[PDB]
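Data first, discussion second: the structure below is written as structure tokens.
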Amino acid sequence: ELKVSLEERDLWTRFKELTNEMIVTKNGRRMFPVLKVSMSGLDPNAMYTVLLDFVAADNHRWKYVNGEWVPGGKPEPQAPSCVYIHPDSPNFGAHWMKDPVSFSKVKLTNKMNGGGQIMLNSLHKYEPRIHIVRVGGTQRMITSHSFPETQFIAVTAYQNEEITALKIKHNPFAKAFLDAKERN
Amino acid sequence: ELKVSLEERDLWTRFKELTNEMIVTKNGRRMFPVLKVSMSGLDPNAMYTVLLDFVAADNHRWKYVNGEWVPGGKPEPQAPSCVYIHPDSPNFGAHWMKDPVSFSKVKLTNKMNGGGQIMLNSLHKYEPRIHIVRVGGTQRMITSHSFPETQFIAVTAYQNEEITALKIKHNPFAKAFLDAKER
DNA sequence: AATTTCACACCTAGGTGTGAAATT
DNA sequence: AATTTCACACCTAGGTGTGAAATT
């Protein structure tokens with residue numbers, strides 16, 4: 001039982017191969033691609049809460065040198081980001097398994113604004129991590145699952161234009177720019 | 001302990017006074033004003049599901065005659081509407097009491113399209129009804145709450161221009177029309 | 001020098017009353 | 001006649017990368 005799969009695996013893979021970059025802003029920025037996963041093997045009638053946090057992919061600050069991401073400086077330990085409760089929580093296993101679970105509303109930021117936005121440090125790699133926590137009862141049951149293909153480097157401005165082109169070609173809110181290309 | 005209060009009582013009252021009309025479309029229409037309520041006296045740790053449905057205010061088909069809504073023809077039985085599950089359900093009492101509970105996403109239609117939209121019959125009077133159900137509770141722990149100032153007549157097109165004017169004045173999505181008056 | 005901020009043009013998404021036209 | 005439908009301009013609401021400007 002208990003299986004959690006990554007939706008849109010192909011698009012994520014393409015981002016990984018280019019070394020994915022996620023914008024983080026003073027006000028909070030949404031992720032792209034949107035983290036979507038499928039879960040099964042949950043007690044359909046049990047109550048569960050889904051959580052999302054980000055763990056440091058390594059202890060290096062990265063820098064873009066000669067068109068390539070490169071680690072540098074004194075390596076430092078990085079604490080896992082604060083947790084983001086998926087908005088559908090708490091909810092039945094049946095609900096969680098009906099349709100794919102999407103984290104489309106989570107906002108990433110570089111500030112410590114307690115508005116339910118996940119603070120991350122730019123120029124550091126992160127890997128999203130999902131937690132399914134059983135609600136109620138007296139026994140604890142908690143599962144975690146990370147996806148290597150969702151690793152990215154938090155940034156305040158894109159560096160690799162190959163990524164920017166992938167964002168533009170796939171994110172609806174960036175259609176203006178895509179349209180600009182399809183005619184010029 | 002338990003108390004469920006209507007938010008924007010003033011605006012609803014004004015609509016009531018003019019005999020509120022609610023547009024219903026083949027695709028579903030949102031309510032205006034938006035139905036919001038403050039609830040308190042729930043077990044902060046208990047799990048609750050909030051529901052919304054509409055009950056027929058009477059057995060008459062209404063018609064707008066000489067600038068007035070009047071009942072006519074023969075009465076019939078108007079069954080209660082299907083139920084709408086507040087999107088935040090199921091959830092803790094603490095969550096329900098923290099911030100006003102709003103039903104802004106409920107769509108009203110005059111077709112039997114199974115899309116989570118509530119079907120109503122136009123030219124009929126209805127009154128929204130909210131139910132708080134304790135998950136695992138008894139049956140007595142299920143309370144109901146209706147507010148007579150939220151009564152309205154379902155319509156496919158406004159009849160009383162005084163209502164149209166209040167809708168325009170207060171619904172942000174109708175600003176184009178309001179602006180068109182303030183110059 | 002390197003990285004963050006910011007006003008802005010441009011989209012996506014989707015809620016409104018209009019009023020003519022179509023339907024009952 | 002009485003009521004419903006429908007394309008349309010015009011809004012609200014808010015997500016994007018751009019590139020100059022400000023900060024470190």
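Each chain gets a letter, A, B and so on, in the order its sequence line appears, and its residues count up from 1.
The closest side-chain heavy-atom distance from B/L35 to B/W12 is below 4.5 Å. Between A/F15 and A/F152, the closest side-chain pair of non-hydrogen atoms is not below 4.5 Å.
Candidate nucleotides D/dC11, C/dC11, D/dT4 were compared by shortest atom distance to the side chain of B/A157, and D/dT4 ranks first. Nearest nucleotide to the side chain of B/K63, out of D/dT5, C/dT5, D/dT3: D/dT3. Set against D/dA13, D/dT5, C/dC6, the side chain of B/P172 has D/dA13 as its closest nucleotide.
At whole-Å resolution of the value, NZ in A/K169 and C1' in C/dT12 are 18 Å apart. Summarising the geometry, the separation between CG on A/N110 and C1' on C/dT3 is reported as 10 Å, rounded to the nearest angstrom. Atom CG in B/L120 sits about 16 Å away from atom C1' in D/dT4, given to the nearest Å. Distance A/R61 CZ to D/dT24 P: 14 Å, rounded to the nearest Å. Atom CE in B/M22 sits about 20 Å away from atom P in D/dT3, given to the nearest Å. Here the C1' atom of nucleotide C/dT3 and the CH2 atom of A/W62 are 18 Å apart, to the nearest Å. Rounding to whole angstrom units, CD of residue B/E182 and P of D/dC10 are separated by 18 Å. Summarising the geometry, the separation between NZ on B/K105 and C1' on C/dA13 is reported as 12 Å, rounded to the nearest angstrom.
Residues A/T150 and A/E127 bring no donor and acceptor atom of their side chains to less than 3.5 Å of each other. A/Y126 and A/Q78 are linked by a side-chain donor-acceptor pair at a separation below 3.5 angstrom, with hydrogens and angles left out of the test. With 3.5 Å as the limit, one finds no donor-acceptor pair spanning the side chains of A/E76 and A/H124.
Phosphate contact (OP1/OP2 of D/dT5, side-chain N/O of B/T156, threshold under 4.0 Å): absent. Between A/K111 and C/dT5, a side-chain N or O to OP1/OP2 separation shorter than 4.0 Å is present. Residue A/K175 places none of its side-chain N or O atoms closer than 4.0 Å to OP1 or OP2 of C/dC10.
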Just the table, please: protein N/O against nucleotides 14-21 of chain D N/O, every pair under 3.5 Å.
residue : atom : partner : partner atom : Å
D/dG15  : OP1  : A/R30   : NH2          : 3.4
D/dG15  : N2   : A/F173  : O            : 2.9
D/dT16  : OP1  : A/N171  : ND2          : 3.3
D/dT16  : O5'  : A/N171  : ND2          : 3.0
D/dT16  : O4'  : A/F173  : O            : 3.1
D/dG17  : OP1  : A/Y158  : OH           : 2.8
D/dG17  : OP2  : A/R29   : NH2          : 2.9
D/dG17  : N7   : A/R29   : NH2          : 3.0

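Under the 6.0 Å distance and 45° angle rule, A/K125 counts as a cation-pi partner of A/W62.
Nucleic acid contact for B/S122: sugar-phosphate only, since backbone atoms but no base atoms lie under 4.0 Å from a heavy atom of the residue. Within 4.0 Å (heavy atoms only), B/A180 reaches no atom of the nucleic acid at all.
The partner of C/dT24, taking Watson-Crick or G-U wobble pairs whose two distances both stay under 3.5 Å, is D/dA1. The base-pairing partner of D/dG19, taking Watson-Crick or G-U wobble contacts with both distances under 3.5 Å, is C/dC6. D/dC11 and C/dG14 make up a base pair, with Watson-Crick or G-U wobble contacts both under 3.5 Å.
Here B/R134 pairs with B/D43 in a salt bridge; the nearest charged N to carboxylate O distance falls below 4.0 Å.
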side-chain hydrogen bond (donor to acceptor under 3.5 Å, both in side chains) assessment of A/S40 paired with A/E1: CA-CA 7 Å; A/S40 59; A/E1 284 190 358; over 6 Å; no
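For B/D179 and B/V24, each mapped to the nucleotide of DNA chain D holding its nearest heavy atom, the one lying further toward the 5' end belongs to B/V24.
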